[PDB]
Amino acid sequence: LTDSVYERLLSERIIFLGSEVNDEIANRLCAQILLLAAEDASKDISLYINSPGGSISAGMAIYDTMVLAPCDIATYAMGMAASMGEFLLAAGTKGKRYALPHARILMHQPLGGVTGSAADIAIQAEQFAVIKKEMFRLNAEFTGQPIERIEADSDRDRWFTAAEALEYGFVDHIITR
């Protein structure tokens, strides 16, 4: 059972964001951090990431939970850490953000849709500008890059190899082991 290995790695304080970030994986992932912190508030939690990205709200659930935790969260990029994956990767404890040697990172701006009456779309657009701004503010904070560069580089998909991602600021180390 896939779930038996995942619960064994749980006792080892290892958790996986291995899919698109949606509310169901986020709620599972937020539950796990609450558990583990309840068990030991001084031992680290390892979050391995392999993700296309997904819902920002789902990701903010996870990110805030990561930050309010008593212990440090170590994030590891396996395979792909894209968009919200990249965000959560860069959101782990400084110094404890890792990339495997052949992982790739993708950062870009938010995607969504508009729908409804002109007055409803006007409000949707207010939030597009609010959220975009905050999303860059935070990535600029994780990486150390000026908010002007995050915005410019995020306009269209930018990919980073492990070595490039370490330059930019997404990670602190590249695991050779």
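Start at 1 with the first residue shown and count on from there.
Two stretches are in play, 32-40 and 49-57, and the higher mean C-alpha B-factor belongs to 32-40. Remark: stretch with higher mean C-alpha B factor among 65-73 and 122-130 is 65-73. In this PDB entry, the Cα temperature factor of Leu10 sits in the top third of its chain's modelled residues, the highest group. Placement of the Cα temperature factor of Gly144 within the chain: middle third of the modelled residues, per the deposited record. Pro101: CA B factor lies in the highest third for its chain, per the PDB record. In the PDB entry, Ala26 places in the middle third of its chain by CA B-factor.
In this PDB entry, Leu138 carries a Cα temperature factor that places it within the middle third of its chain's modelled residues.
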